[PDB]
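# Below you'll find the sequence and an experimental structure to go with it.
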Amino acid sequence: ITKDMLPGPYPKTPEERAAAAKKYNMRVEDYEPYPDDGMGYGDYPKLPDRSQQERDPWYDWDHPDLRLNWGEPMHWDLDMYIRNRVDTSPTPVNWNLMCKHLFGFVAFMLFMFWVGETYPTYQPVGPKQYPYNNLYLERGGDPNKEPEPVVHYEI
Amino acid sequence: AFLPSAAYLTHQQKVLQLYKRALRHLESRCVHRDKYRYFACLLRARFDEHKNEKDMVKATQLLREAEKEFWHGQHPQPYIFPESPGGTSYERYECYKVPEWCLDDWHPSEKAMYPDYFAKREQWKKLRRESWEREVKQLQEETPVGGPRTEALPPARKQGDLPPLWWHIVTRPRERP
Amino acid sequence: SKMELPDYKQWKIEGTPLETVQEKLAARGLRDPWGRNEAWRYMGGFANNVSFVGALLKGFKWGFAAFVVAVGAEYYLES
Amino acid sequence: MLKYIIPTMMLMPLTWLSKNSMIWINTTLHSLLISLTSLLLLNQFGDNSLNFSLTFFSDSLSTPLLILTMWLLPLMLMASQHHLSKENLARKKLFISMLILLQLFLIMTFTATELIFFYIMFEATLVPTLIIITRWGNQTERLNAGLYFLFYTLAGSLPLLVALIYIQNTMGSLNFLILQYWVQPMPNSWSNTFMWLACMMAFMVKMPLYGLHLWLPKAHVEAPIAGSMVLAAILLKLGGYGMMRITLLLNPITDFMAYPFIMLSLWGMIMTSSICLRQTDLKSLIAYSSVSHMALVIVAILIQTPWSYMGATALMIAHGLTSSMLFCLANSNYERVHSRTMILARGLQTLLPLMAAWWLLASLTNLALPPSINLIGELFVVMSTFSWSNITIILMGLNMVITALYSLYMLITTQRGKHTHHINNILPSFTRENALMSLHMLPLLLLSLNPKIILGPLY
Amino acid sequence: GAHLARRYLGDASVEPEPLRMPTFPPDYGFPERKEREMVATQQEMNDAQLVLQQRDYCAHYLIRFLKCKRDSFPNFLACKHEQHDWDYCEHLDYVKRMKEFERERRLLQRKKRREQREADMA
Amino acid sequence: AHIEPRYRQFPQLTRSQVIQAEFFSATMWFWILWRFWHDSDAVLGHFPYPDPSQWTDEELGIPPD
Amino acid sequence: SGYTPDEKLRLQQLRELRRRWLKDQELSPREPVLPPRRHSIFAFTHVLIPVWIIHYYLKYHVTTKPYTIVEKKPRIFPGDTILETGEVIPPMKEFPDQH
Amino acid sequence: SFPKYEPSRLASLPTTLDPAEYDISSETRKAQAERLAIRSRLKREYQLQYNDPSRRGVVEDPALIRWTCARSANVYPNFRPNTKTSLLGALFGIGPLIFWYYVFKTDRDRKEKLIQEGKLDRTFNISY
Amino acid sequence: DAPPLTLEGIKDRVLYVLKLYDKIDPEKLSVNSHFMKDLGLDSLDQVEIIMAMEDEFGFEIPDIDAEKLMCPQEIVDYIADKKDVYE
Ligand SMILES: *C(=O)CCCCCCCCCCCCC
């Protein structure tokens, strides 16, 4: 390695842009660095921002695990777009329709759960009757305090 | 437009790949063989109707509308072969594909358990190290000015020599180690 | 090691729904050249598969016979 | 404590009068004998601490740190005898003398009954560490790492000394045994505010604290293996020990004062775990994990409950052992592939099975799998901080997930997947490396059987 | 199941609610009503370790069934007759609860008829 | 010894597995029929359900006025 | 397009070399030349010995300490008889039969 | 007719539905020509350095070293403090700290005030 | 499980599948018979042949390798190289 192969400041002159494109091993027309807004990116190229799952899996890749070649410029977020991580594959259904359908499904069933909680179902019976003043001593009540007499009558 | 030997996909390869993908998705859509055969004959009629179209931009527009038609009605979960990428058995045995050079690090006590195999391995290594300079000189005298244009490698054009860069492709681990 | 294959000439589509497909295509006007390749699935020991209700009723005859025998035996021993 | 200082000082005539190539054997043997004799400090009583003389005393808090230091020295000599095989004999003896001197200052720091003596040794640990980092490192940035490591710590510790001297002019003495009975409440005032800041910011810097942690990713990844071990496993606990000793004099002003530092650490654990989720370097990942764990220890000390103190000392010991093991793993991988990139060497389970087992075990102890002492300490700190407030558990619980999101990740990228094709210098695991990892792990797994010896001075 | 439709889609002032019953006094309309009798003693129910929900008004059948199940090991299907007796008793208890529900509903309907008559005469 | 694989014909079957499958299916159906004959109450119903509207007025204590 | 003749020749030579390499992977009958070197054992060394060990451990070291093995009390039914002191639990009140 | 696919950040456009792929102009073919030339030259260099029998070590990739150096050691020299960076730093650095400080201060004040009047349930809380 | 495949077996299977095709008369084709000139097939027929062999052997041939396969000997050699036969 040597000094003039490491990344540097943002290129301004077209000659510096061509030198940076030759350093990063691609065409000058395809070399688009990050905009110099002062975020610290520098002269690193702005790759088309897609995951490694969208690459060709049948190609003889140098690194078939990551689907990457040798000497090709890596993405700034290559650790995010590996196959172990976030995928940007084209879905058969549009994103907005999927999100709206899922939110409507969840919201509708939550609303119907609340409505059913408002109006419960039961069976036409009275309360269950337990003996000995509704089991006052068996519910952990103190034996000194005599409970209020609850009497259940035959029906 | 990502190919190992070529730089682009022509019209014919695009039509053939679209036909193959459409037939695979149609096979995924209808489970039974007779229904798939009937609808595959129907799709073959649909593709054969516009075979002899000499207008190039009309062929391009037919390709675009056929691609939109395929994207509109493809299966959400198409059938994938087990060894195909995205399959259930894809890259499963990569945990057993031990590279050959690990045999160079074996102890001499466990190297004596397979004498004849390691003798043949030594012969293979001698062949590779005696053909390496010849094949790299073959490569350096055949590559044009400005580097190679494609990734296609030249064959062995002489008698007694081997094709260049033959080691890591011949000695790759098997699919079932 | 040596797997011999059966004769290729027996694989005809006769008695299979591939002739129904062939009649539909011939009424429409086309050909189905791959019928003989898939003719092996519809003929031989793989022909005339059972229905779903016949699948659920597998072994019902012997079970009914054993149930009748056991009921008669317990009727004999209860007396 | 004169029975441990004298053999440590006699280690230098051992390493300077030894043979041409017998320095490592003799130093390892005699340091292991010192580590064996270090177990006599377990004579602890339920009420009284072990007081040796007017200068040295050992409570139940300093004893595990002393045992860990005297255990770590032979492991350090074993770790740092592979990249120094090409070194000069005089430079090798100088390196061993530096390690011996650093260990001597460390075992004299923890037993100091006087806060001035403790502070003097606490800054005397700086010089051998800085010399080791700036001399026996590998990259260029070690020179920069020699500055951020130094001028941070002194910037926290030079005001604090003044505050300590103020106590010498106020309470009449700085002896810790005297100050336990002559302590006074601290009223709310600006003078006591800045005295609290002076007495605490040194220990926030040396722990480190989030925001002041900038020296630790720089001084961990340029330093050699012995320096990485001494920063990760011992030198980050000087701040915790100083906090536990100095919190006694700073009551009851700490109740409303600890709020911004508690918030800083409670957000810094999430921030450093998220940083660990995206780090491209193994060594930087281990450094940021150390920052997160020490922020947890900062929260535990600052809320000052008995369960928090117990969890703090258990977390200190467990994190020291686990971080030392992880740094030795990273050193072995760096020695085998000659790079620090995580994504470079993948699928090492198909080549090193036993190193894969050690990696899995170290990552298991990193995310505090029960019943390891990592889970004991982290659990007790969680209980105490739930007693402190009922919302902080959220700021704990999410953090736990992120821990399990990077440690296993640190496993997978280094162990699983298809192996790289262009790397063919992967040697089999040496006996020395496996001995190092077993000596790192077996005490850590054995301490789960009897954790009552690392549960602080109020067990 | 029709009572849910009568209460929700109809009028809730006539259908009794299960949360609070009874609202009518037990001595209203019943000349000299008789109380239910407990056979199992509190101590016998205590040392048999019955579950608190299992301590209904005829837990003696449950005690007898548990004793028979314990004393007929390993024949687990020997004495299902005690289980049938316990099931019949709890079915009779459920019948009594249904009778109480119907009584409350009819009394509420009678009260509505009484106020409707008061509205008619006034 | 073993079963030799066949190409696009019906596979060779073992008599033992056919006998075992028929025996286990027959055992399942015999068990179902026997339990339905003997128990017969867990399916159709254990106890009769009286009509709440069929209860008479004087047994419910309805005061007639 | 079909196979270009140059890469067809390359594929043929590569296939020949691959077949030779795969043929070389077989083993001679000598290899691998290894270096030179009770029916109730499982019912004894795996059950009886641990049963003895932990029965000793429970009898003379766990039950010695208080409140280690605490047991739910046995169920007492009417009509039973206590083994400890011989008291008889009286039977229940006569049932008001319903069927 | 058919529902056209909307591209998204996490759901990119399909390759076969890209209109720019179907361009058969001269400039696109030329761009593909030198793209294939660059890829072939890099691949040839890699596999020439990779099949060397005398070599026993790591084939160094300048792209990996370039990426790792740009990710870590080349952030501050390419940074300029402006409105956007200062606003983002003030929103992300001291924002959550202030929010969590206010939340925990309010919760601790409410809990302490409940403690002093004795309304808080502490019947069995003896471990703290 | 997974019985081994020999070159004779692969050639027999590919000749069987090609013989069960109605567009190819069985009395003229050979193992070295080209599809386009010797048999007069079509590109769509070549795709159908490729997917027929894919369904026969239970593994998928990529398109870049399928477009260059035009003779049964080439198919035999490709399947032999992929399945690592004759070991
Ligand atoms: C009376 O009609 C109420 C019955 C209980 C509430 C409704 C239960 C509905 C589901 C069970 C019956 C399904 C009949 C097909």
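Thanks, I have the structure now. Numbers count the residues shown, from 1 in each chain, chains lettered A, B, ... in the order given.
# Surely residue B:97 and residue B:176 touch.
No: in this structure, residue B:97 is not within contact of residue B:176 by Cβ atoms under 8 Å, at 10.0 Å. Placement of C-beta: from N, CA and C, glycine included.
# Can you tell me how far residue B:122 is from residue B:104?
Using Cβ to Cβ, to the nearest Å, residue B:122 is found at 11 Å from residue B:104.
# And residue B:97 and residue B:176? Which one has more around it.
residue B:97 (17 against 11; other Cβ atoms under 10 Å in any protein chain shown).
# show me the contacts for that one.
Applying Cβ atoms under 8 Å, 6 or more residues apart in numbering or on different chains, we find residue B:97 in contact with B:173, B:177, D:350, D:418.
# what's the helix or strand for the first one?
In the assignment (DSSP states H and E), residue B:173 maps to no helix and no strand.
# helix/strand/coil for the nearest residue to it once chain neighbours are set aside?
Nearest non-adjacent residue to residue B:173, counting by Cβ to Cβ, 6 or more residues apart in numbering or on different chains: residue B:97, 3.9 Å away. Recorded secondary structure, residue B:97: coil (DSSP: H, G, I helix; E, B strand; the rest coil).
# for residue B:97, phi and psi?
Note on residue B:97: backbone dihedrals following degrees, to the nearest 10 are phi -90, psi 80.
# how far away is it from residue D:90?
Counting by Cβ to Cβ, the separation of residue B:97 from residue D:90 is 49 Å.
# Could you do residue A:74 as well?
On the measure of Cβ to Cβ, residue A:74 and residue D:90 end up 44 Å apart.
# When these two are compared, which one has more neighbours?
Taking other Cβ under 10 Å, residue A:74 and residue D:90 do not tie; residue A:74 has more neighbours (22 against 9).
# show me the contacts for the more buried one.
By Cβ under 8 Å, 6+ apart, residue A:74 lies in contact with A:68, H:63-64, H:66-67.
# tell me which of the residues you listed is nearest to residue D:25?
Comparing those against residue D:25 with Cβ to Cβ places residue H:64 closest, at 39.9 Å.
# Make sure that closest one is indeed in a helix.
Yes: looking at residue H:64 with three-state DSSP, it is inside a helix.
# so where do the helices sit in the chain?
In the absence of a named chain, this looks at chain A. A:14-23, A:95-118, A:131-135 (DSSP state H).
# Chain H is the one I meant
Using DSSP H, helices in chain H cover H:26-50, H:62-72, H:83-93, H:95-117.
# Check chain B too.
Under DSSP H, chain B gives helices at B:11-29, B:33-49, B:56-72, B:108-111, B:115-142, B:167-170.
# Work out the gap between the third one and the centre of the chain.
Shown here is helix B:56-72, whose average C-alpha point lies 27 Å from the average C-alpha point of the whole chain (Cα atoms, centre = their mean, to the nearest Å).
# Now do it: everything it contacts.
Under the contact criterion Cβ under 8 Å, 6+ apart, helix B:56-72 has outside partners B:11, B:14-15, B:18, B:21-22, B:25, B:50, B:53, H:2-5, H:14, H:16-17, H:19, H:22, H:24.
# Of those residues, grab the buried ones for ChimeraX.
To isolate the buried members of these in ChimeraX, using 16 or more other Cβ atoms under 10 Å in any protein chain shown:
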select /B:14,15,18,21,22 /H:5,14,16,17
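# need the next SSE after the helix or strand where residue D:286 lies, C-terminal direction.
Taking DSSP H and E as the criterion, residue D:286 maps to helix D:282-303. Note on helix D:282-303: by DSSP H and E, the next helix or strand toward the C-terminus is helix D:306-337.
# Now do that next one: which elements does it pack against?
On a contact count with 3 or more Cβ pairs under 8 Å, 6 or more residues apart in numbering or on different chains; DSSP states H and E, helix D:306-337 meets helix D:62-79, helix D:225-230, helix D:237-246, helix D:282-303, helix D:353-366, helix D:373-388, helix D:431-446.
# Please identify the buried residues of it?
D:307-334, D:336-337.
# Give me every residue in chain E lying close to chain D.
Among all residues of chain E, none is adjacent to chain D (criterion: Cβ under 8 Å from any Cβ of the partner chain).
# Quick check: residues of chain E near chain F?
When proximity is defined by Cβ under 8 Å from any Cβ, chain E lies next to chain F at E:28-30, E:33, E:87-88, E:91, E:95, E:98-99, E:101-103, E:106-107, E:110.
# now swap in chain A and tell me
Residues of chain A that fall close to chain F, judged by Cβ under 8 Å from any Cβ: A:124, A:155.
# switch the cut-off to 7 Å
Residues of chain A lying close to chain F (Cβ under 7 Å from any Cβ of the partner chain) are residue A:124.
# And the residue of chain A that's closest to chain C?
Ranked by Cβ to the nearest Cβ, the top residue of chain A for proximity to chain C is residue A:58, at 25.9 Å.
# And what about the residue sitting furthest away from the middle of chain I, helix, strand or coil?
Taking Cα atoms, centre = their mean, the residue of chain I most remote from its mean C-alpha position is residue I:1, at 24.0 Å. When classified by three-state DSSP, residue I:1 comes out as coil.
# just to revisit the earlier point, just the buried subset of the contacts of residue B:97, written out for ChimeraX, thanks.
A single ChimeraX command is used to select the members of the contacts of residue B:97 judged buried by 16+ other Cβ under 10 Å:
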select /D:350,418
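# Help me see whether stretch E:69-85 makes contact with chain C, please.
No: residues of stretch E:69-85 are not located near chain C by Cβ under 7 Å from any Cβ, the shortest gap being 14.4 Å.
# For that stretch, list every residue counted as buried.
E:69, E:79, E:82, E:85.
# ok, now how distant is the third one from chain I?
Just to be clear, that refers to residue E:82. Per Cβ to the nearest Cβ, to the nearest Å, residue E:82 is found 56 Å from chain I.
# would that residue count as being in a helix?
Yes: counting by three-state DSSP, residue E:82 is located in a helix.
# tally of neighbours for the closest residue to it other than its chain neighbours?
Nearest residue to residue E:82, sequence neighbours excluded (Cβ to Cβ, 6+ apart): residue E:65, at 3.8 Å. Using other Cβ under 10 Å, residue E:65 has 19 neighbouring residues.
# Give me the contact list for the helix or strand encompassing residue E:65.
Assigned by DSSP H and E, residue E:65 belongs to helix E:59-71. Here helix E:59-71 makes contact (Cβ atoms under 7 Å, 6 or more residues apart in numbering or on different chains) with E:39-40, E:45, E:48, E:50, E:54, E:79, E:82-83, E:85-86, E:89, G:77, G:92, G:95.
# same thing but 6 Å
E:39-40, E:48, E:50, E:79, E:82-83, E:85-86, E:89, G:77, G:92 (Cβ atoms under 6 Å, 6 or more residues apart in numbering or on different chains).
# Nearest to residue I:80 among those residues?
Of all the contacts of helix E:59-71, residue I:80 sits closest to residue E:83, with 71.5 Å by Cβ to Cβ.
# Would you quantify the distance from the spatially closest residue to that closest one that is not a sequence neighbour to residue E:95?
Distance criterion Cβ to Cβ, 6+ apart; nearest residue to residue E:83, sequence neighbours excluded, is residue E:65 at 5.6 Å. Shown here: residue E:65 relative to residue E:95, a distance of 20 Å by Cβ to Cβ.
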